[PDB]
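Source file: run.pdb; contents: PDB, C-alpha atoms.
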ATOM      1  CA  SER A   1       9.080   6.406 -24.247
ATOM      2  CA  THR A   2       5.594   5.510 -23.027
ATOM      3  CA  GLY A   3       2.186   4.583 -24.322
ATOM      4  CA  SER A   4      -1.356   4.757 -23.010
ATOM      5  CA  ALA A   5      -4.514   3.182 -24.410
ATOM      6  CA  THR A   6      -8.130   2.927 -23.321
ATOM      7  CA  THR A   7      -9.651  -0.540 -23.008
ATOM      8  CA  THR A   8     -13.437  -1.042 -23.219
ATOM      9  CA  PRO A   9     -15.659  -3.991 -22.236
ATOM     10  CA  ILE A  10     -17.137  -5.718 -25.203
ATOM     11  CA  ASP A  11     -20.562  -6.207 -23.605
ATOM     12  CA  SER A  12     -22.715  -5.616 -20.509
ATOM     13  CA  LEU A  13     -21.082  -8.461 -18.587
ATOM     14  CA  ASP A  14     -17.390  -7.460 -19.065
ATOM     15  CA  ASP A  15     -16.840 -10.762 -20.870
ATOM     16  CA  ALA A  16     -13.666  -9.368 -22.459
ATOM     17  CA  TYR A  17     -11.962  -6.032 -23.077
ATOM     18  CA  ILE A  18     -10.818  -4.592 -26.455
ATOM     19  CA  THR A  19      -8.088  -2.007 -27.029
ATOM     20  CA  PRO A  20      -7.466  -0.226 -30.365
ATOM     21  CA  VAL A  21      -4.114  -1.069 -31.939
ATOM     22  CA  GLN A  22      -2.511   0.427 -35.054
ATOM     23  CA  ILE A  23      -0.925  -2.076 -37.459
ATOM     24  CA  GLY A  24       0.899  -1.168 -40.655
ATOM     25  CA  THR A  25       1.570   1.917 -42.758
ATOM     26  CA  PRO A  26      -0.783   3.638 -43.320
ATOM     27  CA  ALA A  27      -2.295   2.491 -40.005
ATOM     28  CA  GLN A  28      -4.982  -0.164 -39.953
ATOM     29  CA  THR A  29      -6.749  -0.001 -36.577
ATOM     30  CA  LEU A  30      -7.899  -3.277 -34.970
ATOM     31  CA  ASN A  31      -9.608  -3.889 -31.620
ATOM     32  CA  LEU A  32      -7.431  -6.455 -29.859
ATOM     33  CA  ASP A  33      -7.914  -8.446 -26.674
ATOM     34  CA  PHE A  34      -4.867  -7.849 -24.466
ATOM     35  CA  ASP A  35      -4.050 -11.245 -22.989
ATOM     36  CA  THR A  36      -1.431 -11.682 -20.290
ATOM     37  CA  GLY A  37      -2.144 -15.431 -20.482
ATOM     38  CA  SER A  38      -0.597 -15.920 -23.931
ATOM     39  CA  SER A  39       2.298 -14.716 -25.987
ATOM     40  CA  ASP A  40       1.107 -14.441 -29.606
ATOM     41  CA  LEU A  41      -0.102 -11.360 -31.501
ATOM     42  CA  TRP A  42      -2.656 -12.782 -33.979
ATOM     43  CA  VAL A  43      -5.249 -11.003 -36.065
ATOM     44  CA  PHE A  44      -7.993 -11.816 -38.517
ATOM     45  CA  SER A  45      -6.588 -11.176 -41.960
ATOM     46  CA  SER A  46      -7.343 -11.056 -45.661
ATOM     47  CA  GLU A  47      -6.077 -14.676 -45.347
ATOM     48  CA  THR A  48      -8.851 -15.965 -43.052
ATOM     49  CA  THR A  49     -11.300 -18.274 -44.835
ATOM     50  CA  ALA A  50     -14.334 -16.135 -45.659
ATOM     51  CA  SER A  51     -16.633 -18.601 -43.845
ATOM     52  CA  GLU A  52     -14.897 -18.026 -40.480
ATOM     53  CA  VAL A  53     -15.268 -14.215 -40.663
ATOM     54  CA  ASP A  54     -18.502 -12.618 -39.361
ATOM     55  CA  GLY A  55     -18.144  -8.841 -38.965
ATOM     56  CA  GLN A  56     -14.522  -8.379 -37.854
ATOM     57  CA  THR A  57     -12.068  -5.792 -39.107
ATOM     58  CA  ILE A  58      -9.284  -7.655 -40.909
ATOM     59  CA  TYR A  59      -5.575  -6.906 -41.311
ATOM     60  CA  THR A  60      -4.535  -6.643 -44.978
ATOM     61  CA  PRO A  61      -0.721  -6.876 -45.269
ATOM     62  CA  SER A  62      -0.789  -6.184 -49.024
ATOM     63  CA  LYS A  63      -2.008  -2.642 -48.215
ATOM     64  CA  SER A  64       0.854  -1.986 -45.782
ATOM     65  CA  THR A  65       4.111  -0.571 -47.120
ATOM     66  CA  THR A  66       6.022  -1.870 -44.063
ATOM     67  CA  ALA A  67       4.651  -5.436 -44.022
ATOM     68  CA  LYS A  68       7.060  -8.290 -44.809
ATOM     69  CA  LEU A  69       6.310 -12.015 -44.931
ATOM     70  CA  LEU A  70       8.394 -13.944 -42.362
ATOM     71  CA  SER A  71       9.198 -16.625 -44.865
ATOM     72  CA  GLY A  72       8.511 -20.167 -43.745
ATOM     73  CA  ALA A  73       7.303 -19.236 -40.273
ATOM     74  CA  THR A  74       4.085 -20.835 -38.981
ATOM     75  CA  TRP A  75       2.068 -20.729 -35.773
ATOM     76  CA  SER A  76      -0.640 -22.882 -34.203
ATOM     77  CA  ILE A  77      -2.222 -22.153 -30.829
ATOM     78  CA  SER A  78      -5.031 -23.448 -28.600
ATOM     79  CA  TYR A  79      -6.432 -21.797 -25.475
ATOM     80  CA  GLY A  80      -7.760 -23.292 -22.264
ATOM     81  CA  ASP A  81     -11.330 -22.590 -23.414
ATOM     82  CA  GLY A  82     -10.951 -24.922 -26.407
ATOM     83  CA  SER A  83     -10.315 -22.049 -28.844
ATOM     84  CA  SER A  84      -7.851 -22.347 -31.720
ATOM     85  CA  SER A  85      -6.290 -20.484 -34.638
ATOM     86  CA  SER A  86      -3.227 -20.761 -36.871
ATOM     87  CA  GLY A  87      -1.588 -19.433 -40.027
ATOM     88  CA  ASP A  88       1.413 -17.580 -41.461
ATOM     89  CA  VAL A  89       3.458 -14.749 -39.980
ATOM     90  CA  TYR A  90       4.293 -11.199 -41.078
ATOM     91  CA  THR A  91       6.464  -8.539 -39.498
ATOM     92  CA  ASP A  92       5.075  -4.982 -39.445
ATOM     93  CA  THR A  93       4.961  -1.766 -37.444
ATOM     94  CA  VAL A  94       2.644  -1.939 -34.442
ATOM     95  CA  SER A  95       1.658   1.000 -32.199
ATOM     96  CA  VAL A  96      -0.324   0.988 -28.951
ATOM     97  CA  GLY A  97      -1.397   4.334 -27.662
ATOM     98  CA  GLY A  98       1.541   6.223 -29.235
ATOM     99  CA  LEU A  99       4.176   3.536 -28.440
ATOM    100  CA  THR A 100       5.629   2.161 -31.670
ATOM    101  CA  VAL A 101       7.498  -1.071 -32.295
ATOM    102  CA  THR A 102       9.003  -1.773 -35.696
ATOM    103  CA  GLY A 103       9.375  -5.317 -36.968
ATOM    104  CA  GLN A 104       6.786  -6.891 -34.627
ATOM    105  CA  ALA A 105       5.640 -10.414 -35.531
ATOM    106  CA  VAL A 106       1.991 -10.250 -36.689
ATOM    107  CA  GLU A 107       0.484 -13.704 -36.957
ATOM    108  CA  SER A 108      -2.191 -13.848 -39.628
ATOM    109  CA  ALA A 109      -5.043 -16.293 -39.094
ATOM    110  CA  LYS A 110      -5.801 -18.537 -42.082
ATOM    111  CA  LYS A 111      -8.073 -20.540 -39.731
ATOM    112  CA  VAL A 112      -9.971 -19.683 -36.527
ATOM    113  CA  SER A 113     -12.253 -21.840 -34.401
ATOM    114  CA  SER A 114     -15.824 -20.661 -34.002
ATOM    115  CA  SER A 115     -15.613 -19.076 -30.518
ATOM    116  CA  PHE A 116     -13.641 -16.387 -32.379
ATOM    117  CA  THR A 117     -15.833 -16.251 -35.512
ATOM    118  CA  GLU A 118     -18.830 -15.998 -33.130
ATOM    119  CA  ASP A 119     -17.893 -12.545 -31.851
ATOM    120  CA  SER A 120     -17.701  -9.605 -34.210
ATOM    121  CA  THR A 121     -16.155  -7.290 -31.623
ATOM    122  CA  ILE A 122     -12.678  -8.897 -31.187
ATOM    123  CA  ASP A 123     -10.329  -8.626 -34.138
ATOM    124  CA  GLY A 124      -7.475 -10.546 -32.481
ATOM    125  CA  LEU A 125      -5.286 -11.086 -29.439
ATOM    126  CA  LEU A 126      -2.178  -9.256 -28.164
ATOM    127  CA  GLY A 127      -0.258 -11.660 -25.957
ATOM    128  CA  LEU A 128       1.558 -10.199 -22.950
ATOM    129  CA  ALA A 129       2.843 -13.353 -21.236
ATOM    130  CA  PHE A 130       6.507 -14.300 -21.506
ATOM    131  CA  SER A 131       7.928 -14.866 -24.975
ATOM    132  CA  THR A 132       8.908 -18.468 -24.139
ATOM    133  CA  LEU A 133       5.227 -19.337 -24.769
ATOM    134  CA  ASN A 134       5.136 -17.883 -28.333
ATOM    135  CA  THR A 135       4.024 -20.529 -30.831
ATOM    136  CA  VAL A 136       5.843 -19.369 -33.972
ATOM    137  CA  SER A 137       8.105 -22.040 -35.440
ATOM    138  CA  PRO A 138      10.851 -22.717 -36.312
ATOM    139  CA  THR A 139      11.877 -19.277 -34.981
ATOM    140  CA  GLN A 140      10.032 -18.236 -31.821
ATOM    141  CA  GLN A 141       9.018 -14.574 -31.844
ATOM    142  CA  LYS A 142       8.891 -11.974 -29.090
ATOM    143  CA  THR A 143       5.801 -10.302 -27.643
ATOM    144  CA  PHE A 144       5.041  -6.605 -28.142
ATOM    145  CA  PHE A 145       6.142  -6.014 -24.549
ATOM    146  CA  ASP A 146       9.536  -7.688 -25.003
ATOM    147  CA  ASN A 147      10.126  -5.763 -28.247
ATOM    148  CA  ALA A 148       9.202  -2.415 -26.667
ATOM    149  CA  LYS A 149      11.103  -3.042 -23.408
ATOM    150  CA  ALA A 150      14.284  -1.482 -24.746
ATOM    151  CA  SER A 151      12.618   1.839 -25.534
ATOM    152  CA  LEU A 152      10.288   2.024 -22.507
ATOM    153  CA  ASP A 153      11.104   4.531 -19.789
ATOM    154  CA  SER A 154      10.502   1.642 -17.286
ATOM    155  CA  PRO A 155      10.037  -2.065 -18.247
ATOM    156  CA  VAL A 156       6.464  -2.124 -16.866
ATOM    157  CA  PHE A 157       2.941  -2.101 -18.044
ATOM    158  CA  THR A 158      -0.126  -1.628 -15.897
ATOM    159  CA  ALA A 159      -3.686  -2.938 -16.195
ATOM    160  CA  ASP A 160      -6.469  -0.738 -14.794
ATOM    161  CA  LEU A 161      -9.682  -2.551 -15.760
ATOM    162  CA  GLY A 162     -13.093  -1.068 -15.331
ATOM    163  CA  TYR A 163     -16.250  -2.582 -13.860
ATOM    164  CA  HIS A 164     -18.848  -2.062 -16.616
ATOM    165  CA  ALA A 165     -16.741   0.938 -17.649
ATOM    166  CA  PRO A 166     -13.655   1.679 -19.767
ATOM    167  CA  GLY A 167     -10.187   1.376 -18.366
ATOM    168  CA  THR A 168      -6.506   1.817 -19.184
ATOM    169  CA  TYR A 169      -3.430  -0.032 -20.288
ATOM    170  CA  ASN A 170      -0.270   2.001 -19.649
ATOM    171  CA  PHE A 171       3.197   1.083 -20.893
ATOM    172  CA  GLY A 172       6.443   2.335 -19.411
ATOM    173  CA  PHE A 173       5.234   4.318 -16.383
ATOM    174  CA  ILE A 174       3.132   3.955 -13.230
ATOM    175  CA  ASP A 175       0.281   6.491 -12.916
ATOM    176  CA  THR A 176       0.345   7.341  -9.222
ATOM    177  CA  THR A 177      -3.093   8.989  -9.457
ATOM    178  CA  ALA A 178      -4.801   5.756 -10.568
ATOM    179  CA  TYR A 179      -4.757   4.031  -7.167
ATOM    180  CA  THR A 180      -4.993   4.602  -3.418
ATOM    181  CA  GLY A 181      -2.570   3.575  -0.675
ATOM    182  CA  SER A 182       0.600   1.782  -1.675
ATOM    183  CA  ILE A 183       1.422  -0.878  -4.204
ATOM    184  CA  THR A 184       2.283  -4.313  -2.796
ATOM    185  CA  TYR A 185       4.733  -6.247  -4.974
ATOM    186  CA  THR A 186       5.044 -10.060  -4.906
ATOM    187  CA  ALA A 187       7.454 -12.441  -6.635
ATOM    188  CA  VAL A 188       6.707 -13.965 -10.034
ATOM    189  CA  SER A 189       7.775 -17.410 -11.266
ATOM    190  CA  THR A 190       8.370 -17.474 -15.019
ATOM    191  CA  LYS A 191       9.000 -21.219 -15.087
ATOM    192  CA  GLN A 192       5.866 -21.990 -17.080
ATOM    193  CA  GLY A 193       5.890 -18.720 -19.069
ATOM    194  CA  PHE A 194       2.999 -17.109 -17.149
ATOM    195  CA  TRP A 195       2.782 -14.241 -14.710
ATOM    196  CA  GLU A 196       2.627 -16.804 -11.918
ATOM    197  CA  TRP A 197       2.426 -15.753  -8.302
ATOM    198  CA  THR A 198       1.295 -16.939  -4.897
ATOM    199  CA  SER A 199      -1.701 -15.470  -3.082
ATOM    200  CA  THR A 200      -1.457 -15.532   0.726
ATOM    201  CA  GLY A 201      -5.095 -16.320   1.475
ATOM    202  CA  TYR A 202      -8.700 -15.430   1.204
ATOM    203  CA  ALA A 203     -11.837 -14.393   3.055
ATOM    204  CA  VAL A 204     -15.563 -14.633   2.275
ATOM    205  CA  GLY A 205     -17.663 -11.583   3.077
ATOM    206  CA  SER A 206     -16.908 -10.314   6.548
ATOM    207  CA  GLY A 207     -15.503 -13.663   7.661
ATOM    208  CA  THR A 208     -12.042 -14.321   9.024
ATOM    209  CA  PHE A 209      -9.079 -14.384   6.701
ATOM    210  CA  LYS A 210      -7.720 -17.869   6.050
ATOM    211  CA  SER A 211      -3.936 -17.873   5.553
ATOM    212  CA  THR A 212      -3.190 -20.413   2.831
ATOM    213  CA  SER A 213      -0.997 -20.378  -0.268
ATOM    214  CA  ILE A 214      -2.798 -20.209  -3.613
ATOM    215  CA  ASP A 215      -0.485 -20.438  -6.599
ATOM    216  CA  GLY A 216      -1.998 -18.938  -9.723
ATOM    217  CA  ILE A 217      -1.545 -16.742 -12.783
ATOM    218  CA  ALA A 218      -2.593 -13.166 -13.531
ATOM    219  CA  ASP A 219      -4.574 -13.444 -16.754
ATOM    220  CA  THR A 220      -6.304 -10.511 -18.385
ATOM    221  CA  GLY A 221      -7.496 -12.877 -21.106
ATOM    222  CA  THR A 222      -9.674 -14.953 -18.768
ATOM    223  CA  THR A 223     -13.025 -13.515 -17.684
ATOM    224  CA  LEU A 224     -13.621 -15.315 -14.429
ATOM    225  CA  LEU A 225     -11.781 -16.256 -11.259
ATOM    226  CA  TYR A 226     -10.834 -19.950 -11.011
ATOM    227  CA  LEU A 227      -9.700 -21.221  -7.618
ATOM    228  CA  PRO A 228      -9.389 -24.585  -5.776
ATOM    229  CA  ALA A 229     -12.566 -26.535  -5.038
ATOM    230  CA  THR A 230     -12.171 -26.072  -1.285
ATOM    231  CA  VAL A 231     -12.062 -22.221  -1.548
ATOM    232  CA  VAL A 232     -14.855 -22.082  -4.093
ATOM    233  CA  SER A 233     -17.129 -24.392  -2.051
ATOM    234  CA  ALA A 234     -16.561 -22.202   0.997
ATOM    235  CA  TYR A 235     -17.649 -19.080  -0.972
ATOM    236  CA  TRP A 236     -20.823 -20.501  -2.562
ATOM    237  CA  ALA A 237     -21.923 -22.109   0.765
ATOM    238  CA  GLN A 238     -22.651 -18.584   1.952
ATOM    239  CA  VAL A 239     -25.168 -17.843  -0.844
ATOM    240  CA  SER A 240     -28.685 -19.150  -0.214
ATOM    241  CA  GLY A 241     -29.697 -21.651  -2.888
ATOM    242  CA  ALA A 242     -26.349 -21.737  -4.729
ATOM    243  CA  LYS A 243     -25.377 -25.056  -6.243
ATOM    244  CA  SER A 244     -22.921 -26.582  -8.699
ATOM    245  CA  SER A 245     -24.906 -27.513 -11.819
ATOM    246  CA  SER A 246     -24.625 -30.453 -14.140
ATOM    247  CA  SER A 247     -26.014 -28.857 -17.228
ATOM    248  CA  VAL A 248     -24.513 -25.419 -16.895
ATOM    249  CA  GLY A 249     -20.932 -26.285 -16.083
ATOM    250  CA  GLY A 250     -20.420 -24.485 -12.799
ATOM    251  CA  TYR A 251     -21.891 -22.768  -9.811
ATOM    252  CA  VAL A 252     -25.203 -20.931 -10.272
ATOM    253  CA  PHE A 253     -27.312 -19.012  -7.777
ATOM    254  CA  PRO A 254     -30.832 -17.484  -7.547
ATOM    255  CA  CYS A 255     -30.737 -14.140  -9.287
ATOM    256  CA  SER A 256     -32.503 -12.692  -6.230
ATOM    257  CA  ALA A 257     -29.642 -13.384  -3.794
ATOM    258  CA  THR A 258     -27.052 -10.821  -2.781
ATOM    259  CA  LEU A 259     -23.451 -11.998  -3.194
ATOM    260  CA  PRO A 260     -20.827 -11.608  -0.453
ATOM    261  CA  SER A 261     -17.537 -10.001  -1.276
ATOM    262  CA  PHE A 262     -14.358 -12.023  -1.738
ATOM    263  CA  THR A 263     -10.938 -11.009  -0.406
ATOM    264  CA  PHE A 264      -7.624 -12.370  -1.634
ATOM    265  CA  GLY A 265      -4.197 -11.788  -0.099
ATOM    266  CA  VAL A 266      -1.161 -10.151  -1.707
ATOM    267  CA  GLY A 267       1.642 -10.533   0.786
ATOM    268  CA  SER A 268       0.377  -8.651   3.831
ATOM    269  CA  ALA A 269      -2.202  -6.647   1.840
ATOM    270  CA  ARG A 270      -5.804  -7.520   0.952
ATOM    271  CA  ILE A 271      -7.728  -6.926  -2.264
ATOM    272  CA  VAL A 272     -11.553  -6.947  -1.943
ATOM    273  CA  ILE A 273     -13.760  -8.025  -4.860
ATOM    274  CA  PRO A 274     -17.262  -6.576  -4.281
ATOM    275  CA  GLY A 275     -20.056  -9.130  -4.540
ATOM    276  CA  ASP A 276     -21.570  -7.332  -7.586
ATOM    277  CA  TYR A 277     -18.408  -8.134  -9.624
ATOM    278  CA  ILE A 278     -19.191 -11.859  -9.090
ATOM    279  CA  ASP A 279     -22.681 -11.680 -10.660
ATOM    280  CA  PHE A 280     -22.627 -12.722 -14.288
ATOM    281  CA  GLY A 281     -26.373 -12.547 -14.774
ATOM    282  CA  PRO A 282     -28.991 -15.016 -15.998
ATOM    283  CA  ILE A 283     -27.821 -18.256 -17.618
ATOM    284  CA  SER A 284     -30.354 -17.476 -20.358
ATOM    285  CA  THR A 285     -32.768 -14.662 -21.059
ATOM    286  CA  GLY A 286     -35.576 -14.667 -18.528
ATOM    287  CA  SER A 287     -34.042 -17.391 -16.331
ATOM    288  CA  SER A 288     -34.084 -16.855 -12.599
ATOM    289  CA  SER A 289     -30.756 -18.755 -12.257
ATOM    290  CA  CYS A 290     -27.650 -16.520 -12.381
ATOM    291  CA  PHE A 291     -24.063 -17.564 -13.211
ATOM    292  CA  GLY A 292     -21.255 -17.060 -10.707
ATOM    293  CA  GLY A 293     -17.996 -15.290 -11.335
ATOM    294  CA  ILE A 294     -15.994 -17.592  -9.024
ATOM    295  CA  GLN A 295     -15.616 -21.164 -10.313
ATOM    296  CA  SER A 296     -13.515 -24.205  -9.527
ATOM    297  CA  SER A 297     -10.003 -24.637 -10.961
ATOM    298  CA  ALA A 298     -10.158 -28.439 -10.533
ATOM    299  CA  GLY A 299     -10.818 -29.216 -14.211
ATOM    300  CA  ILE A 300      -8.103 -26.838 -15.502
ATOM    301  CA  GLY A 301      -4.919 -27.678 -13.635
ATOM    302  CA  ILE A 302      -4.083 -24.051 -12.807
ATOM    303  CA  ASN A 303      -5.675 -21.347 -10.692
ATOM    304  CA  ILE A 304      -6.492 -18.246 -12.713
ATOM    305  CA  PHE A 305      -6.879 -14.713 -11.343
ATOM    306  CA  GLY A 306      -8.938 -13.462 -14.254
ATOM    307  CA  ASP A 307     -10.734 -10.227 -15.032
ATOM    308  CA  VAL A 308     -13.169 -10.587 -12.079
ATOM    309  CA  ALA A 309     -10.212 -10.283  -9.703
ATOM    310  CA  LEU A 310      -7.932  -8.035 -11.703
ATOM    311  CA  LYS A 311     -10.597  -5.347 -12.274
ATOM    312  CA  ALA A 312     -10.822  -4.870  -8.476
ATOM    313  CA  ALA A 313      -7.218  -3.641  -8.453
ATOM    314  CA  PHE A 314      -4.563  -1.505 -10.064
ATOM    315  CA  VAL A 315      -2.135  -4.127 -11.384
ATOM    316  CA  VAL A 316       1.556  -3.556 -12.181
ATOM    317  CA  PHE A 317       3.249  -6.106 -14.476
ATOM    318  CA  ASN A 318       6.946  -5.426 -13.810
ATOM    319  CA  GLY A 319       9.128  -7.031 -16.446
ATOM    320  CA  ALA A 320      12.445  -6.139 -14.820
ATOM    321  CA  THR A 321      15.137  -8.792 -14.885
ATOM    322  CA  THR A 322      13.599 -10.107 -11.651
ATOM    323  CA  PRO A 323       9.909  -9.840 -12.639
ATOM    324  CA  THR A 324       7.267  -8.972 -10.056
ATOM    325  CA  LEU A 325       3.524  -8.274  -9.803
ATOM    326  CA  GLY A 326       2.139  -5.259  -7.941
ATOM    327  CA  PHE A 327      -1.390  -4.823  -6.653
ATOM    328  CA  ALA A 328      -3.010  -1.705  -5.227
ATOM    329  CA  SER A 329      -6.578  -0.939  -4.270
ATOM    330  CA  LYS A 330      -8.432   1.687  -6.298
TER     331      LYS A 330
END
Target format structure tokens, applied to this file:
Amino acid sequence: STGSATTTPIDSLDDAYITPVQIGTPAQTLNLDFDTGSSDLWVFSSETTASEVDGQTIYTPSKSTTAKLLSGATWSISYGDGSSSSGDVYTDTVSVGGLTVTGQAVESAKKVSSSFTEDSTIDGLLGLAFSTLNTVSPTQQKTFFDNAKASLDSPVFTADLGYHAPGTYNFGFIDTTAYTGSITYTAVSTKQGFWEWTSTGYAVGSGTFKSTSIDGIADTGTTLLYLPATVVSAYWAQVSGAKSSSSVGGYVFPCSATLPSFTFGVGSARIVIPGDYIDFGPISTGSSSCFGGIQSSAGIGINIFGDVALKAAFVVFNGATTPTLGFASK
């Protein structure tokens, strides 16, 4: 079997992407953030404190004839950004784009931090990292991908993210019309539970390619691209008036400048991020300082190939027994 769903940017900056997901019987449809950087499926619920809910669609297990409380199970999770949520756990039927999993763990938020309350557009997260990172205790639960793997025609999903436009998540097949040239696959390390791979180098604009190993993770749940200080400093040095700012928490640049492209290596291939994809617009309304889409990993501990990089490619997440990552240009 297969499934196919459209994902849509939540705002004008592509800050995150939401994908409709059917939970329960009869279906309750929530707009979930597909996150290959985590491994929990959590949703706002009829159990979330009414003060931490501002305009989201909530999951109501009492209205679902297939919902069952997973007695005694709890979860608690925190993200790199400082986000957090936690609560109890239900099992229910979950469908993505026609692909149905029965008995999927659905983690109901009794509490959410305010980064989540702040945005009305995201009803929850669908984690697509490896199940070893799932936070349910005492019995760790599997991700939607792991549960569906058995029934999928091929144990793959693909991320085809749009620049200021909708895109696609496909499960169980590779759409050969969605990309150009050939797909380059590269080895994944699952040791930390992430889709962790090694980039073979980078270039800035039309400069020469620098061959150097950059370990990092493919994370649809992270907006920006986070790379080592040396690489990042070499990129921003080519933008007149760019500087790392104190008050803002990263590199900013005059909104009047034109940004060079950025190339990263996948084995012997190259993926080019156009300079426009790196512009995240004014730090505040009317400001002439603009926020950059490439920022330093130093204060994170991990390099993150986030949406800014992923949207420049057709990405294959291959969850075969030896997992790999494929990149093609599009």
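When all atoms listed in the file are used to compute distances to residue 188 of chain A, the closest of the residues A:108, A:256, A:318, A:223 turns out to be A:318.
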Set out as JSON lines a contact list for segment 129-240 of chain A and segment 9-21 of chain A with a cut-off of 8 Å, giving each residue of segment 129-240 of chain A that qualifies its closest atom pair and distance in Å to one decimal, counting all atoms listed in the file, ordered by chain and rising residue number.
{"residue": "A:162", "atom": "CA", "partner": "A:9", "partner_atom": "CA", "distance": 7.9}
{"residue": "A:163", "atom": "CA", "partner": "A:14", "partner_atom": "CA", "distance": 7.2}
{"residue": "A:164", "atom": "CA", "partner": "A:14", "partner_atom": "CA", "distance": 6.1}
{"residue": "A:165", "atom": "CA", "partner": "A:9", "partner_atom": "CA", "distance": 6.8}
{"residue": "A:166", "atom": "CA", "partner": "A:9", "partner_atom": "CA", "distance": 6.5}
{"residue": "A:221", "atom": "CA", "partner": "A:16", "partner_atom": "CA", "distance": 7.2}
{"residue": "A:222", "atom": "CA", "partner": "A:16", "partner_atom": "CA", "distance": 7.8}
{"residue": "A:223", "atom": "CA", "partner": "A:15", "partner_atom": "CA", "distance": 5.7}
Can you tell me, as a VMD selection string, which residues sit within 12 Å of (6.2, 0.8, -31.1) in the file's frame, using all atoms listed in the file? chain A and resid 1 to 4 21 to 24 92 to 104 143 to 152 171 to 172
Skip segment 261-270 of chain A itself and residues of its chain fewer than 3 positions away, then list as a list in words all residues within 8 Å of it, counting all atoms listed in the file. residues 184, 185, 186, 198, 199, 200, 201, 202, 203, 204, 205, 206, 235, 273, 274, 275, 276 and 327 of chain A
What is the atom CA of residue 330 of chain A-atom CA of residue 227 of chain A distance in Å, reported with one decimal? 23.0 Å
Counting only C-alpha atoms, the option among A:255, A:65, A:309, A:90 closest to residue 277 of chain A: A:309
How big is the axis-aligned box around all listed atoms of segment 72-85 of chain A once 8 Å goes on each side, and where's its centre, in Å to one decimal, as lines of an AutoDock Vina configuration file?
center_x = -1.4
center_y = -22.1
center_z = -33.0
size_x = 35.8
size_y = 21.7
size_z = 37.5
Residues matched by the PyMOL selection byres ((chain A and resi 64) around 8) as a list in words: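 Matching residues under the PyMOL selection byres ((chain A and resi 64) around 8) are residues 24, 25, 26, 27, 60, 61, 62, 63, 65, 66 and 67 of chain A.
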Correct to one decimal, the distance atom CA of residue 32 of chain A-atom CA of residue 127 of chain A is 9.7 Å
Selection under test: the PyMOL selection byres ((chain A and resi 217) around 12); residues as a PyMOL selection string: chain A and resi 35-38+129+187-199+214-216+218-222+225-227+297+301-307+309-310+317+325
Just the selected residues (C-alpha atoms), exported as a short mmCIF file (atom, residue, chain, number, x, y, z; two decimals), in the frame of the given file, please.
data_model
loop_
_atom_site.label_atom_id
_atom_site.label_comp_id
_atom_site.auth_asym_id
_atom_site.auth_seq_id
_atom_site.Cartn_x
_atom_site.Cartn_y
_atom_site.Cartn_z
CA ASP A 35 -4.05 -11.24 -22.99
CA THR A 36 -1.43 -11.68 -20.29
CA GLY A 37 -2.14 -15.43 -20.48
CA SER A 38 -0.60 -15.92 -23.93
CA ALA A 129 2.84 -13.35 -21.24
CA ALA A 187 7.45 -12.44 -6.64
CA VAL A 188 6.71 -13.96 -10.03
CA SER A 189 7.78 -17.41 -11.27
CA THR A 190 8.37 -17.47 -15.02
CA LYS A 191 9.00 -21.22 -15.09
CA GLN A 192 5.87 -21.99 -17.08
CA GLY A 193 5.89 -18.72 -19.07
CA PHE A 194 3.00 -17.11 -17.15
CA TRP A 195 2.78 -14.24 -14.71
CA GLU A 196 2.63 -16.80 -11.92
CA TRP A 197 2.43 -15.75 -8.30
CA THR A 198 1.30 -16.94 -4.90
CA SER A 199 -1.70 -15.47 -3.08
CA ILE A 214 -2.80 -20.21 -3.61
CA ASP A 215 -0.48 -20.44 -6.60
CA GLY A 216 -2.00 -18.94 -9.72
CA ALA A 218 -2.59 -13.17 -13.53
CA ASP A 219 -4.57 -13.44 -16.75
CA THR A 220 -6.30 -10.51 -18.39
CA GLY A 221 -7.50 -12.88 -21.11
CA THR A 222 -9.67 -14.95 -18.77
CA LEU A 225 -11.78 -16.26 -11.26
CA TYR A 226 -10.83 -19.95 -11.01
CA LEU A 227 -9.70 -21.22 -7.62
CA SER A 297 -10.00 -24.64 -10.96
CA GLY A 301 -4.92 -27.68 -13.64
CA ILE A 302 -4.08 -24.05 -12.81
CA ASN A 303 -5.68 -21.35 -10.69
CA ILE A 304 -6.49 -18.25 -12.71
CA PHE A 305 -6.88 -14.71 -11.34
CA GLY A 306 -8.94 -13.46 -14.25
CA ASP A 307 -10.73 -10.23 -15.03
CA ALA A 309 -10.21 -10.28 -9.70
CA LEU A 310 -7.93 -8.04 -11.70
CA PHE A 317 3.25 -6.11 -14.48
CA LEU A 325 3.52 -8.27 -9.80
#
Could you work out how far atom CA of residue 320 of chain A lies from atom CA of residue 40 of chain A, giving the answer in Å with one decimal? 20.4 Å
